[PDB]
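Presented as structure tokens, the chain that follows is alone, the form deposited in one PDB entry.
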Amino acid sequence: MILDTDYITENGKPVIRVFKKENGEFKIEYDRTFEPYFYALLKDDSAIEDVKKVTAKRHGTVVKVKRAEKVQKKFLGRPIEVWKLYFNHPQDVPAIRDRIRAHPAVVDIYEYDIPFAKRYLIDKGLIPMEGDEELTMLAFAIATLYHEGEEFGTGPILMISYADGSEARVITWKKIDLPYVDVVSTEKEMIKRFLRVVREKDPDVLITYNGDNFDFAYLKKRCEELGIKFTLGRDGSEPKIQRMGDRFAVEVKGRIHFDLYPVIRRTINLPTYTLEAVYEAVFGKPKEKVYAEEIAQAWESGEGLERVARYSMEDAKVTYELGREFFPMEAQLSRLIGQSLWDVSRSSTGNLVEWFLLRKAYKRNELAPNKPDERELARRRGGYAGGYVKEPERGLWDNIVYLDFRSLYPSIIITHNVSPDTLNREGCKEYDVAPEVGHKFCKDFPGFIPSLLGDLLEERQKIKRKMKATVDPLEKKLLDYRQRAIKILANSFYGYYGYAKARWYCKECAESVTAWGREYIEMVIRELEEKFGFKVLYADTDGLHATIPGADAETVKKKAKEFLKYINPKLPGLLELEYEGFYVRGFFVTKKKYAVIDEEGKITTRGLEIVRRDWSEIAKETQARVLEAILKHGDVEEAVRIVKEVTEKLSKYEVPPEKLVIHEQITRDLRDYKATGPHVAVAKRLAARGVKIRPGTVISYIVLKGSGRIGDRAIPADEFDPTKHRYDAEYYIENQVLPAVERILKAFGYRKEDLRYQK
């Protein structure tokens, strides 16, 4: 099984290293014959000689073109003749490419920023993570001594805990009386002993939770203090820091540093992403949190250090359990995209698509379009019309069916051959013309993307049948990830088309997909209303909620199925409208905001405050109580009584702090903000103390009593203590609970005033 690739340089020459695990053994293969290259489009072919005469400097050495060869390629399906320029070292390319592009004979240049190790994987058609090779893993976590306002890395590391399938242990330099604690003499001997543990176990994967940003950087700081070479690599190297957009990520050579944080952050939508929250969210079991104050407290005085030890052990253990569960999904996705799990696990869907397309472009001899420069990126600034959203008919309705398309957008892309190479092609025999926006798509040949996207859907269908046929639970689980990875990739082509930084960016294509999607859904609604007697209550993009106002549960069900059998022949083959489910009651508040209840009492909520992290738990739970009363039974007057005792509790300061926390994400550097709402106001104070604030950070704040501008009376949720603070009962009644329950109860004639306690 291929894990990863890199290169090193021997005597000036690049040597690819392929890191593999074969038959229980880690292997390194070397490739010294691989030549870096990019392509040049010339005016005259006779100009190639002056292009080879071009030179540049790399650390004082003169870099030149090693050799060039004229090649025949396709560019967006059209024939193109370019010169492949070979170099001795991949580092020659950045050094020399600008001066070559500048040359008066060079129309343009291509494929000059594909990193050498990634290029190797693509050109050699190698796929990482193939096979059944079992990989050993090791999780680890550290615990640091922290005090208010301190610089990063100055305080020592108190604990390093680790875990694999067999055990979870803790290394520390004070005496703690627990079976799983290992006591050594100093911080240095603790870090040294951890190194020894890792080298001993020799894990293929190192799992951390936010290790990319904290654990490796802090171990780095400490190791430089204590004079310790931090050797974690299988080749005996220190962990390598790589840049990833604004963020940092950490490699460990010969191993896979699987940082769970960016994976979970992409995968699951949660209010907070603390290790405790994630574990609770994934495994259902709760995990107790010990704060850096309590930790610091205990260390100064050997007090409650068994609780801190337990905490540290649990960090590593829990980190290992989540690692084991998220890894396989990430490996299938890596196998699909054809890039290392290290890269893939830290990539957006858009980046995954691009790596997929770069590899497919190589297979089919399609020259890749470049990433857009600053200028072109400005011409990609305009937006376009998206999904259709129907203004709902507000209120409570009985006996609702939800009908929808599955994979609307990729079906459209395949059906109509939507593709930047099929867009606006002259002299074709057959065209598909997008509604409203009017773009023509040639149908005489499968386009680059639709071809790839059609292969995906077939392969997925093959895997689903294997999955359903198999009696082997392990194979079933594996195929399930495989088919889930294909879906994600299939679903990302659309977004990619309209993503301004894409090589295969195409606004006209993304517009056409959305215009078709509107045509189809609006047609389905029109037929359902006119042909059958249904009242369409609401619709969004690819699906709709409907019912027949007089009808009982059985009539609506029958009539819905019968409408599908009527409507589906009238849609293109790939576009199948499906019956998703039946709901005894539903309540639609506004666009994007509704909630339904099914026959088994289960309630589904969409868009309402209940599902948002920037609404306090008291406003959300209460809004839930109100919805439950109105959905489960028909009792409005119950919901009002619910709101009565909640606002009454709040006004008398009896609701715990836990239910008052509001969560809001920082989305940019704090300097770039131009309007300072409470979450920025809190974040700015934190940063003033010495707390690292990065885009993506979630601020948890509570609103204390005392009035005026909200951001002033807001404090971080952790620093709230009832012995010192009184919360703003007025804010949580008037700005949280009452507005949240008003959305619903205003539909029944209740205003904010008759729901309060006082006045």
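Residue indices: 1-based, along the sequence shown. Between two forms, the rigid core is the largest collection of C-alphas that superpose within 1.5 Å.
The discussion below concerns the form deposited in another entry, not included here.
J.: Looking between this form and the one not shown after fitting on the rigid core, I'd like to know which of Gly454, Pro90, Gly254, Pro420 has a C-alpha displacement of 2 Å or more.
T.: The only residue crossing the 2 Å threshold is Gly454.
J.: Answer with closer or farther for the CA-CA spacing of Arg482 and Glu321 in the other entry compared to the shown form; it moves by 3 Å or more.
T.: Nearer in the other entry, by 3 Å or more.
J.: Work out whether the Cα atoms of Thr723 and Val308 come closer together or move farther apart in the other entry than they are in this form, the change being 3 angstroms or more.
T.: Farther: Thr723 and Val308 separate by 3 Å or more in the other entry.
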